[PDB]
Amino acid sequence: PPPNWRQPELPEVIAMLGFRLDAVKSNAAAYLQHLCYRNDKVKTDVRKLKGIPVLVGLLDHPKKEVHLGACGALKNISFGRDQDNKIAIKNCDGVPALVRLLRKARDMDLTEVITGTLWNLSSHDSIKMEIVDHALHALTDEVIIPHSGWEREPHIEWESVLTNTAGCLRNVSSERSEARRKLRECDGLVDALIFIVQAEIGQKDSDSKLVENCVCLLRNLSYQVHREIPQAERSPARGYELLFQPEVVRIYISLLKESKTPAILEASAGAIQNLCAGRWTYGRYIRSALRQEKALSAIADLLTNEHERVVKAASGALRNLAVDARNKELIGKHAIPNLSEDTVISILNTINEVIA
C-alpha cells in the first residue's frame, strides 16, 4: 500500500507522537505545530486531547528532529489567549524538560525555540516561580553569559536568543520578592546584562527589544535593593552590587536622553526611582549625583511624554530625589513647570514632597 497525502485527524496526529518510527514522531510534531499556528481552537484541543504531556515527553528524545519538533509545537501551544495551555505545559514538568534540553542544545535554532517558549510561559504568574527555580542557572550560564560577550576576566552575539531570554527573566521578576532576590544574587547575571546594554548603546541602538528587556529586568532587580541585598547594613564591585554603581546609573540617564521607546524610557525612570528610594549611603550618593542640571532635565522632560506610564515613572523618580535635596533650587526649577486617577495622585504627592 503506497504512501499518499492523507491528512489525519488531530487525535491521530497526537497518537502518532508515540509511534515507533522517529520520522513519524518528528513529522507529527512538525505538523502539530503547523496546525496550532495562529489557531487558538486547535491549541486548546491539543490540550484537551492530552497531547501536551506527550510533546513534553519528546523533549527528552535523543534525536534532534524529534526534540526540536516537539519543542516547536510546544512553543505555539504556549502562545495565545488560552492561559490554561501554558498551565498545562507547566503541570507536566515542561519547564524542567525544557531546561534539560537547553543544557544539551548545541545550535541556535533549538536554543531560539526553547528560550522563546520560556519567554511565552513566563508571561503567566503561576509559572514564574517555576522558571526561577528551574531555569535561572541554565538561562544564565548557558545563554546570557556565553553570548553576552561579557567576561569576569576582561563580542555580543545571538541577539535573538538573548532577547527571548532577557524577556523571560524580565517577566519572572515583575512582582515576586524572592524572584528578585534569586535573580540578582545569581553570579554573572547582572554583570552580563549591563554589558549587553553598553554593547547595544555602543552601536547607537537605544531602542532594541534586547535593550528594552535587559532594562526592565534591571529595573525590577533594582526594586528595594537597599533592603533585600545581602547584609543591607550600609574590591571591584561584582554582581548585584553593580545595580547601584555609577556606571549603570549613567546608562539609565543616557537612555532617557537617547531612547525614543516608551518601554525603555519608563523602565529607565523606574530604575532611577528604585535606586533613589532607599534611605542608605548609595541612595544619598546616587540622589546627589542626579540632582545635577543635565540629569534633572532629562528626567523632568519626560513629564511631557505622550505616554502616561512614562509620565508616572518620572514623577516617582523626581519625588524620590526631593527627599533630601540640598538645593531645593535646582530641583524645584526643573520639576514644577512640568509637574488616569492614580497618575494624578502621584503628580500631586510629588509636588507636595518637593516643597517641604
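Each residue number is its position in the shown sequence, starting from 1.
Engineer: Missing residues between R234 and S235 in the deposited sequence, please: none, 1 to 3, 4 to 9, or 10 or more.
Structural biologist: In the deposited sequence, 10 or more residues between these two have no coordinates.
Engineer: Unmodelled residues of the deposited sequence between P154 and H155: none, 1 to 3, 4 to 9, or 10 or more?
Structural biologist: Missing residues, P154 to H155: 4 to 9.
Engineer: Select between 341-349 and 19-27 the stretch whose C-alpha atoms have the higher average B-factor in the entry.
Structural biologist: So the stretch with the higher mean C-alpha B-factor is 341-349.
Engineer: If you rank every modelled residue in this chain by C-alpha B factor, which third holds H61: lowest, middle or highest?
Structural biologist: Its C-alpha B-factor, which the entry lists for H61, ranks in the middle third among residues of this chain.
Engineer: In terms of the chain's CA B-factor thirds, is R309 lowest, middle or highest?
Structural biologist: Tercile = highest for this residue's CA B-factor.
Engineer: Which third of the chain holds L68 when residues are ordered by C-alpha B factor: lowest, middle or highest?
Structural biologist: For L68, whose C-alpha B-factor we compare with every modelled residue in the chain, the answer is the lowest third.
Engineer: Is the Cα B-factor recorded for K182 in the lowest, middle or highest third of its chain?
Structural biologist: For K182, whose C-alpha B-factor we compare with every modelled residue in the chain, the answer is the middle third.
Engineer: Can you tell me which third, lowest, middle or highest, the CA B-factor of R176 falls into for its chain?
Structural biologist: For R176, the deposited C-alpha B-factor lands in the highest third.
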